[PDB]
């Protein structure tokens, strides 16, 4: 099925975990989008959000925290869950880039042929941001060996794109499983990843996702 | 809008024309698909057919063999069953290509530069490995549900229409423009106004696409 279950389940675990270990991060999780907000977005972008993505939006419209000054603390080990407004704005942003480009080194994909080998595509809908040009999001125009609505890395520093999940649900869930596995350090602090079981160092979450993907591919 | 109007309009023109100038070809046009046939197909392939494509199917489920000689100047309009069979056929090819002649697009980056894609749904066949059909996974400068050539001899893919409706309509306009010869007989294309020779319809579509691309390139 679509990964709606996983979405719903993940948000339970994430909502619970944040409330327990990091209230301040909890506060930042926004109220649900209404159905009209999302229909308006879908009309604006002329796309159908996959079911799981619509489910996540109907739980949290990204993160906010206006009274903070140092910037928002990204839920995903520093990366910020985007609001529907930001999703629309950035999607149109990247759509302009694709236009300007119609006339960047070599683009590749892991797995091979899973993601279109391009810098920007109109159908790559960003959902998470580093506020530094890079995104996780959902791919609505997969390559030949890709899957519709797979979750991918793309952006400024992602000449190679990685498929990091089959759907948004699986992604949210693996994030939830990291939290529960104790794979975290608080810097009541900034959230960053470490492999608890291996007494591993602090690592950028993107490098973790890329590594995992690579490993999974070779198997 | 979607190109549903154009679909519906085109089939009126095509149904009319065929009945007048080539009854035998008319006979080959099938009864409509039912909505369940389509839902069953959509489940089988796990895709949503574009609206215009669903409209065409609700007029004719392709052509039905007398042996069927192809409506589109020899190319056969596929039945839903053939669409499903061929889509799975092409889907297996992609799978086997994953375990490893330059593929290009006109316009550049409009169509994925690959031999086979799961989301290229064939609608017309060459009975020789080549297709016109609808692209549900466009390139960066493509458009969802644009109509493309693809297949065995299509190392370069061409976007020949913005939607299925526009395609059916341009076919209809060829017929009404007198751009045909009967070999009643077998239907083949000629440019009436240029007193032109007979031409393969794929070459016509390729030239047309190529010209259109080139006339638009000054604009930005």
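Positions of Cβ are generated from backbone atoms using ideal geometry, with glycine treated the same way; all protein chains shown enter the neighbour counts. Read the figures in this text as sums done on the coordinates, not as results from a lab.
Looking at (1) surrounded by 18 or more Cβ atoms within 10 Å (Cβ to Cβ); (2) not in a loop (DSSP other than H, G, I, E, B), which one does residue A:207 not meet, given that it meets all the others?
(1)
How many residues, within region A:124-136, are within 14 Å of another protein chain (Cβ to nearest Cβ) and closer than 12 Å to residue A:158 by Cβ?
Looking only at that region, the number is 1.
What are the residues in region B:172-204 that are touching a helix residue (DSSP H, G or I) at 6+ places or on another chain (Cβ under 7 Å) and under 27 Å from residue B:87 (Cα atoms), if any?
Across region B:172-204, the qualifying residues are B:172, B:187.
Please pick out the residue among B:143, B:193, B:157 that is under 23 Å from residue B:1 (Cβ atoms) and either over 16 Å from the mean Cα position of the chain (by Cα) or surrounded by 13 or more Cβ atoms within 10 Å (Cβ to Cβ) (or both).
Step by step, each of B:143, B:193, B:157 is checked, and only B:143 is under 23 Å from residue B:1 (Cβ atoms) and either over 16 Å from the mean Cα position of the chain (by Cα) or surrounded by 13 or more Cβ atoms within 10 Å (Cβ to Cβ) (or both).
Within the set of pairs 6 or more residues apart or between chains, which connect a residue that is within 14 Å of chain B (Cβ to nearest Cβ) inside region A:88-101 to a residue that is surrounded by 13 or more Cβ atoms within 10 Å (Cβ to Cβ) with Cβ atoms less than 6 Å apart?
Going by the 6 Å Cβ cut-off, the qualifying pairs are A:91/A:45; A:91/A:125; A:94/A:120; A:95/A:122; A:97/A:120; A:98/A:120; A:98/A:122; A:98/B:140.
Please verify whether residue A:139 is more than 14 Å from every other protein chain (Cβ to nearest Cβ) and within 23 Å of residue A:76 (Cα to Cα), treating the condition exactly as stated.
Answer is no for this residue.
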